[PDB]
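Backbone-built Cβ (ideal geometry, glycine too); neighbour counts: all protein chains shown. All of the numbers you see were taken from the coordinates with simple rules; none came from a lab.
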Number of protein chains: 4
Amino acid sequence: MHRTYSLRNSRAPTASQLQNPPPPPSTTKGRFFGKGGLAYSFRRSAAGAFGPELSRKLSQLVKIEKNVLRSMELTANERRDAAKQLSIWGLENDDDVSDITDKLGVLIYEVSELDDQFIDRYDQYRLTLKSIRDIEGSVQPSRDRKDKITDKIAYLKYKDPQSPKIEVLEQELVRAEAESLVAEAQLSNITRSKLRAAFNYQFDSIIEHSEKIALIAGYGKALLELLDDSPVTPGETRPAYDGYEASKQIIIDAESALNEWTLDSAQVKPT
Amino acid sequence: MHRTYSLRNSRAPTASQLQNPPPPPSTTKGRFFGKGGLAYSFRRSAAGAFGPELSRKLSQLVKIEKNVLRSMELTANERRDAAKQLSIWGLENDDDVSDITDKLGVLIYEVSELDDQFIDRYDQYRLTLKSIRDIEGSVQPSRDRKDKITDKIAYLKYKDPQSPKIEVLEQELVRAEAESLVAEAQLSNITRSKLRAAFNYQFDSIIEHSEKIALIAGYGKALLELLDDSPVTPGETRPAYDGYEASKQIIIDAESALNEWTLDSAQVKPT
Amino acid sequence: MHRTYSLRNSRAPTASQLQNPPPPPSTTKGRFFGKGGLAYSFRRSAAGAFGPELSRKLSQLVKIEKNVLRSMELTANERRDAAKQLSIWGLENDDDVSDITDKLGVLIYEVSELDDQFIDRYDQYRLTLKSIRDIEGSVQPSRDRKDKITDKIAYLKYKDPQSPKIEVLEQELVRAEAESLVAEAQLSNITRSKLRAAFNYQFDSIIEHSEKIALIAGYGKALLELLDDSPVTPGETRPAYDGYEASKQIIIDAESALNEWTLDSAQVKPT
Amino acid sequence: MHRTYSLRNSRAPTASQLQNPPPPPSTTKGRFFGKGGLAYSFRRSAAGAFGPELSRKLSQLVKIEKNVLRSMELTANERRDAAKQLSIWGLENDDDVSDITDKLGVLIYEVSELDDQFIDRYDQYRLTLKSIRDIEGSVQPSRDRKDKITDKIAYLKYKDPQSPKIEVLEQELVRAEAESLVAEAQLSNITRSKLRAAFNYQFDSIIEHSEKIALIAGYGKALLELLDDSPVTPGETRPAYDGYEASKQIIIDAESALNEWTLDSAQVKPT
């Protein structure tokens, strides 16, 4: 949607893009459907199946959100595995390198834990959407019966103008219309309420998790200053790294700001 | 790591947790290994295989990062699919609901695009780690040959104290020691440089993407105020929604702040 | 490109769309490639063939423009055939209907003649683009030879640092570089000149033809007022149509404004 | 719990660890369950069996404490056997070596006797916990009957709103609620009292036994100064050891301080 007014689907570069040019496209693009294969697309296909034809789209969205959740669960546990592997690799290295890589590993572990909490809040969002899907599916048969009744009464009117069955189904249809009006009014109310609440909670969760992980990334950037990037000539060895206390103080302050973080202290501000 | 001083692996609740209690654990936990099956664990197993035994851990980390990248690619394209499906579902709904859900869909599309950019920067990180892995693997055979030579010269010294072969291999080993000292000095220098640069770039990328997505979430929260959550009684219909201009102004301001965003204008601040 | 900021390729409705809703999509969409079949796509395929690899895109554009011209020629002659058929159909009808349909037929004939003139100016545009394509194709072998020479001199430098052939090809390459600089400077100049002139002439031609056909359509709309749309009851016949003089005066004034039309009298004005 | 803020379960080294590096892990780790086999795990399994489902955890803890007591009894008698064996081995050795090893053996015998006294106090602790377990098990059926009665009255309310049985069980349930409130109040009081008293007595016993054994270890360290560690050249024999009186005085003073030890004279002081 950010594409410029040209013939190319090229997004307009932001100030960050001008500051640092965008990198080349990733080489990880594999020759695959990109939906987890037929095994993971079985759920997607089953979403588009014999349903109430009304919550079909909503049920499909819910099951797609379940796929989202499964993928995020896959990238959280295996990311914390990556952090563990990074610490294991940094075990046998320079003392400053080992300390700094262990601190980066623990920061990534914090990242994975926040991802898991975001996953739980995502499941709350998905459960609210499941509730709205189920109430919509329960309210659909009312309108289905309404459509069937109006079609049958139209056919009966075609057959003759004085069948008692005609008047009886008209009398039942005036009841069905009122019940369907009430059902659709409450359906609109519940859909609006669930939609607003679920998406407000979802956006609050994502902004909280994202600003928290950004607060973590800033602390990690500050921590990365401890190691010295000055190259050392072959032969003599550089002085030993004694910044253990500084790194521990940095991680302590990061923990303190992490625990102190609250919705009131949301330094992110729109304009 | 955030667990309290008890016998349970229960993290200390932050101020957000006190404000709103944590949700129950997700029900999406499936009975599976959680590593993409044996097909996706084949790469992990092949990482732990006949290698230079030094970059084995680093190569394993690189391939794990590739799995991270593949999972993120899976959750980006399929998340934008979820946004498209959400817009399709909101097609047939209330005018305010349709407009607001289309705007949420476009915000999620922005989220997916930022995820793709983060994936490209992640691939830059992974390529830098590939470079460091390859230089470490190229420098390992020096120390391997050193170990073999010292073992053989020890055995030859055991056999006799005056073999010419002994003195010749000692003379070659004093050269190998100097070349290995130079190789290890440059190895330490290149590892420190690549590590610092790659992880500083990675943390800058993640903080940029995260604060940007948080800036997006805040704008979405402000946008969600447009719809009215007041329930409507059955019968009469609420007044029509004319806040199209307000929503378009909100999205225009979001685009303006998106393009204006720069590293200098990083309102996230550590302490 | 006019699509709104949503997930749909739906263009933003203009004031005309609000005034009158857009019609449903045309039912003439056939199950075909839409490029005139393989017979008409043979030229397109031959455009992408063994060429100078530089004017390949420009030659493809020229041949596509030739297809444009052929299609326009098809719709001009056969449109004037449609006008003739309309007059033939209106031969046996009411006197007012016959006169008005003959006048509409002659207006459509004027439309077809203006289309033919637009086709001739289009051929002028295509010939200018053919000229620019041919000069670009003639200038490409200079850079092709430059690339070949630099590759060969790089290989020769690899072989040895003192071959006389090396210095001779360097001396010829410094000449080739100067001639290629001159060739590219004149190529840029001629491309800019031809591009600006051809497209300015093309846009002047299209605005002239379009505003002329619009001036024709307005006169036709004024002429359509002559016939009476008031329904007539069965039985008695409505009074005879005597507006022959009015229709002839309208067509005379249309001819006068047609001949008087000039680029100076271009009442279309941008802002 | 003492692990640092890293990815490893490595405890933070104390000042003693810096003074002397920690030894390598023990080689006595056998390939076994570590719970005394299935014979000693039969009691543990029987703890988790058909019980009042409330004191199940407490009964399991009590039986685990019994296993603790049995293991300590095993290591006390067999440790005093080790001391006897040490004296037997030192029977045929140097006079100073024989005397010093006999004194170490008697110190270890004192250690075993203090261990036996600690075992008796441990049994006092276990008996207090048995008492609290038994009162909790006796109070559980009250709440079990309460739950059964409320379930049955809910079902009866489902069946009809006017069964006399309903009102009779409500009248009995208001009595059961009051008796359960009294039972839970006295249960909380007795649990708090028994818990505080038993664990205060247990901690006093362990600090007394530990500081006593430390007072013993210090005296043994002072006693070890009697023997001479200076190596003797082959040939002539070092002067005979006449420090029998010094060793007897040391053991006499150790006995005097042992008998004089009291809770008031607890030189161990927290801060």
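Observations on the structure shown:
- Residues in the stretch D:4-11 carry Karplus couplings, in order, of 6, 8, 9, 8, 10, 7, 10, 5 Hz; the curve used is 6.51 cos²θ - 1.76 cosθ + 1.60 with θ = phi - 60°, and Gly or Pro positions show x.
- Relative to the compact-globule estimate of 2.2 N^0.38 Å, the Cα radius of gyration of the stretch D:156-229 comes out at 2.68.
- Cut-off under 5 Å, modelled amide H: who pairs with A:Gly34 long-range: none
- Taking D:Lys63, D:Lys29, D:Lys157 as the candidate residues, the one with maximal mean-square fluctuation in a Gaussian network model of chain D, Cα springs under 10 Å, is D:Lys29.
- P(r) weight above 30 Å for chain D, C-alpha pairs, percent: 58 percent
- Each other copy holds its own label point for C:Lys84; taking that point as 7 Å from Cα along Cα to Cβ, the gaps run 4.9, 8.6, 13.4 nm, nearest first.
- Inter-copy label distances for D:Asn200: 5.3, 6.0, 10.5 nm (label point placed 7 Å from Cα along Cα→Cβ; shortest first).
- For the protein assembly as shown: rounded, prolate or oblate by the Cα gyration tensor [a/c cutoff 1.5]: oblate
- Counted by neighbouring Cβ atoms within 10 Å, the residues C:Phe42, A:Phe203 run from fewest to most as C:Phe42, A:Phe203.
- Computed from point charges on the beta carbon alone (+1 for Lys and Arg, -1 for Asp and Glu), the dipole magnitude for the stretch C:214-268 about its Cα centre is near 120 Debye.
- For the stretch B:148-191 and the stretch A:70-136, distance of Cα centres in Å: 45 Å
- Sparse packing (at most 13 other Cβ atoms within 10 Å of the Cβ) combined with a DSSP loop state is found for none of the trypsin sites (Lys or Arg not before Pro) in the stretch D:205-267.
- 3J(HN,Hα) from dihedral phi, the stretch A:70-77, Karplus parametrisation 6.51/-1.76/1.60, rounded to Hz, x for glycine, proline: 5, 4, 5, 5, 5, 7, 8, 4
- Here B:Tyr155, A:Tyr125 are placed in order of increasing Cβ neighbour count within 10 Å, fewest first, which gives B:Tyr155, A:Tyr125.
- For B:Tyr241, the residues whose amide H sits under 5 Å from its own are B:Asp96, ignoring neighbours fewer than 5 places away on the same chain, with H placed 1.01 Å from N.
- Position C:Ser71: other-copy label points at 3.8, 4.9, 8.7 nm, ordered by increasing distance, label point 7 Å along Cα→C-beta.
- Relative counts (whole %) of C-alpha pair distances in the stretch A:1-137, using bins that are 5 Å wide: 2, 8, 11, 10, 11, 15, 16, 12, 8, 4, 2, 1, 0
- Inter-chain Cβ neighbour count for B:122-129, averaged per residue, equals 3 (cutoff 10 Å, partner chain atoms only).
- Ordering C:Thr262, C:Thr191 from the fewest to the most neighbouring beta carbons within 10 Å gives C:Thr262, C:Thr191.
- With contributions of -39500 (n - 2.57) from each DSSP H run of at least four residues, the per-residue ellipticity at 222 nm computed over chain A stands at -26000 deg cm²/dmol.
- Here the chain D residue lying nearest the rotation axis onto B, judged by its C-beta and given with the distance in whole angstrom, is D:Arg3, 5.
- Shape class for the stretch B:99-149: prolate, because the ratio a/c of the largest to smallest gyration tensor axis (alpha-carbon atoms, square roots of eigenvalues) is 1.5 or more and a/b beats b/c.
- Separation of alpha-carbon centers, the stretch C:29-46 and the stretch C:196-238, rounded to whole Å: 33 Å
- Karplus-derived 3J(HN,Hα) values for the stretch C:233-244, using 6.51 cos²θ - 1.76 cosθ + 1.60 with θ = phi - 60°, are 5, x, x, 4, 9, 5, x, 5, 8, 10, x, 4 Hz; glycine and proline are entered as x.
- Nearby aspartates and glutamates by direct alpha-carbon distance to A:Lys130 (threshold 17 angstrom, same-chain neighbours under 8 apart not counted): A:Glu53, A:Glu65, A:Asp120
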